[PDB]
Amino acid sequence: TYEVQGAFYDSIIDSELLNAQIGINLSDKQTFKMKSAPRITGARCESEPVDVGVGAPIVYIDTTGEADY
Amino acid sequence: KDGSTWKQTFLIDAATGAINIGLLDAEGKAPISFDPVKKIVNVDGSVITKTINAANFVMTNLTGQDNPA
């Protein structure tokens, strides 16, 4: 999680003064939660036995992420 | 007659009413095969008929990666 606060600094503001953040008059802070990358909980593969022919392979894999896609 | 050897084209066994039709594959897979013992008619390829009457149209994934439908 991070907190965001910033503002515009004009030509008057100096690098040292900007670091001091004295005259900047920054914006109020705001807190947001940073999402989590996907991970795979387990890897597996199972298929149905068949009397005639061959069982089609399939992969079952369980994730734990929160990505949109 | 292929060179100095002879390749089977079709066979009709006496003990079993099995009739293999077609030149044999390098691995020995006959194109069309029959078996009254198992009461099955085995044809690799396609079958064209005006109509078909049956009691169970059980689609099968005959090949490793086929899509029955």
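Residues numbered from 1 in each chain as written, not as in the entry; some residues may be left out. Chains lettered and ligands numbered in written order. Part of a larger assembly, values for the part shown. Heavy atoms only, no water.

As documented in the archive entry, the model was determined using cryo-EM at 4.29 Å resolution.

A few words on the packing of aromatic side chains. Residues and elements named next belong to chain A. In total, this model carries 1 aromatic pair over all chains according to the counting rule given. For the pair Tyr2 and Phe32, a centre-to-centre distance of 6.3 Å together with 40° between the ring planes defines the contact as tilted. Separated by 30 residues along the polypeptide, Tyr2 in strand β1 (residues 2–4) and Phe32 in strand β2 (residues 30–32) bring together distant segments of the chain. Take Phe32: its relative accessible area is 34%, and that puts it in the partly exposed class. (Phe/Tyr/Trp six-rings, centres within 6.5 Å; stacked < 30°, edge-to-face > 60°. Helix = DSSP H or I, 4+ residues; strand = E, 2+ residues; numbered from the N terminus. Buried < 20%, exposed > 50% of the residue type's maximum accessible area, 1.4 Å probe, protein only.)

This part is about the interface of chain B and chain A. In this assembly, 5 residues from chain B lie in contact with 6 residues from chain A. At the boundary of chain B with chain A, total buried surface from both sides reaches about 320 Å², with 60% on carbon and sulfur atoms. It is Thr60(B), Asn61(B) and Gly64(B) in chain B that bury the most area against chain A; as a group they hold 81% of the surface buried on that side. One can count 0 salt bridges joining chain B with chain A. Between the two partners, chain B and chain A, sit 1 residue pair in polar contact. The class makeup of the residues in the side of chain B that touches chain A is 1 nonpolar, 4 polar and no charged. (Contact = heavy atoms within 4.5 Å. Buried area = accessible area lost by both parts, 1.4 Å probe. Salt bridge = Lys/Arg side-chain N within 4 Å of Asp/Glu carboxyl O. Polar contact = N/O pair within 3.5 Å; in protein donor to acceptor, adjacent residues only side chain to side chain. Nonpolar A, V, L, I, M, F, W, Y, C, P; charged D, E, K, R; others polar.)

Another aspect to go through is unusual backbone geometry. For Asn25(A), which is not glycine, the phi dihedral falls at a positive 60°. Secondary-structure assignment places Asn25(A) in the loop between α1 (15–20) and β2. One non-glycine residue, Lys39(B), lies in the positive phi region at around 60°. In this fold, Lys39(B) is placed in the loop between β3 (32–35) and β4 (40–43).

Residue and element names in this part refer to chain A. Summarising the element assignment, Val59 is placed in the loop between β3 (40–44) and β4 (60–63). Residue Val59 is classed as exposed on the basis of its relative accessible area, which comes to 57%. Remark: the alpha-carbon pair of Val59 and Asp14, spanning 45 residues in sequence, is separated by 59 Å. Contact partners of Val59, with chain neighbours within four places excluded, come to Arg44 and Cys45.

This part is about the pairing of β3(B). Residues and elements named next belong to chain B. Of the two faces of β3, the one holding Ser33 and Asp35 is buried and the one holding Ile32 and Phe34 is not buried anywhere. The sheet contact formed by β3 and β4 spans 4 bridges and is antiparallel. Directly across from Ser33, in β4, lies its bridge partner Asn42. Between the end of β3 and the start of β4, which pair antiparallel, lie 4 residues, with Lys39 showing a positive phi angle near 60°. (Pairing = 2+ DSSP bridges.)

Where charged atoms of side chains with opposite charge meet at close range, the side chains can pair. What the rule picks out here adds up to 3 salt bridges over all chains. Salt-bridge contacts for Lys7(B) lead to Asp2(B); the nearest nitrogen and oxygen are separated by 2.5 Å.

All names here are of chain A. A cluster of nonpolar side chains, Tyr2, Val4, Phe32 and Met34, forms an exposed patch at the surface whose accessible area comes to about 380 Å². With respect to the helices and strands, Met34 occurs in the loop between β2 and β3. Assessed through its relative accessible area of 46%, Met34 is described here as partly exposed. (Patch = residues over 30% accessible without salt bridge, like charges linked within 9 Å, V, L, I, M, F, W, Y side chains within 5 Å. Areas by Shrake-Rupley, 256 points an atom, 1.4 Å probe, with all protein chains shown as cover.)

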